[PDB]
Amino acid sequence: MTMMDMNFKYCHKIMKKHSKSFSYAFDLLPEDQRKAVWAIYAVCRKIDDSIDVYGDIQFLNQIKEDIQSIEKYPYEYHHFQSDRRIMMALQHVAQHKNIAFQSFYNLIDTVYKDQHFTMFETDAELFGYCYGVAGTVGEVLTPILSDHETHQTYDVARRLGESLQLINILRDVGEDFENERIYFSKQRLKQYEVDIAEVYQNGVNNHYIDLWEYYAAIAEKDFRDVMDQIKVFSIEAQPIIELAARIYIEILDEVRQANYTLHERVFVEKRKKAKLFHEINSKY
């Protein structure tokens, strides 16, 4: 194993530790493409977790500066200020693929904003957030997973990213609430007569289920529209991206099955993931 192999292996570790679902699917990609996905994912994870390093923006500022050095001098040697292993891997990717750097900056700006989080007034603000933390990631991944990127390719990837984010939110209501985060909009909470603190204390009720299902319907419709447009992606990536998406859709059924519980994180069994993969490959 070379030094760069070690860098990418560390990126893989970070990705698998954070999301088994995502890892399961994307580990099926060809070698060059899988490694690029690991590096991009890891950078994004590092940005997402940055604030809790010392409890301020110091590390996040360093990450941003590392990315800016890569963008402006992709072929110069850099002494990276943040996580060297991850930044060397990203630089290696950048030398071979067109990285949407403004997408990383959008993600970083979103993370900056999150330290003075206030609840979203409307669903438009919530969807803006889903773009910020997840749509941006889809945009960065676009050139890795497609051969000739058009505005359509980016559009579809962006939509998938945002659907996944919404599904994460739908899975993590209780956990987010404990961490003083509520992502459902105030508009929608008021309309459905829902109070998350109340529900966390007293269990689900029909108002909450209706509110939850309202958003779940959005995720599922977005999912189907992405499925209809799967051919913008390279032939190798299509089954993989379809797998990722299906595994996440199944997360919604896992929640319904646990009766929308706010007190544990539901999940799709590894064996169930293998089943979805079989069902999908059968038609590939």
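In this text, residue numbers run from 1 along the sequence as written.
For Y215, does the count of other compared entries lacking it reach at least a third?
No: coordinates for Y215 present in every compared entry.
Give yes or no for this: do at least a third of the other compared entries, each modelling residues before and after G55, lack coordinates for it?
That residue is missing from at least a third of the other compared entries.
Mean C-alpha B-factor higher for 34-42, or for 234-242?
According to the PDB entry, the answer is 234-242.
Could you check which stretch, 66-74 or 45-53, carries the larger mean CA temperature factor in the entry?
The deposited B-factors put 45-53 ahead on the C-alpha mean.
By the CA temperature factor listed in this entry, which of these ranks top: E198, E139, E125, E213?
If I rank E198, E139, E125, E213 by C-alpha B-factor, first place goes to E198.
Going by the CA temperature factor in the entry, name the top one among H79, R159, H207, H92.
Answer for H79, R159, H207, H92: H207, with the highest C-alpha B-factor.
Can you work out whether the C-alpha temperature factor of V133 puts it in the lowest, middle or highest third of the chain?
Lowest third, going by the recorded CA B-factors of the chain.
Relative to the other modelled residues in the chain, which third contains the C-alpha temperature factor of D172: lowest, middle or highest?
Lowest third, going by the recorded CA B-factors of the chain.
Divide the modelled residues of the chain into thirds by Cα B-factor and specify which third, lowest, middle or highest, holds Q152.
Middle third - that is where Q152 ends up once the chain's C-alpha B-factors are sorted.
Quick check for you: using the entry's CA B-factors within this chain, is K190 in the lowest, middle or highest third?
Within its chain, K190 is a highest-third residue by C-alpha B-factor, going by the deposited values.
Would the CA B-factor of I86 place it in the lowest, middle or highest third of its chain?
Lowest third, going by the recorded CA B-factors of the chain.
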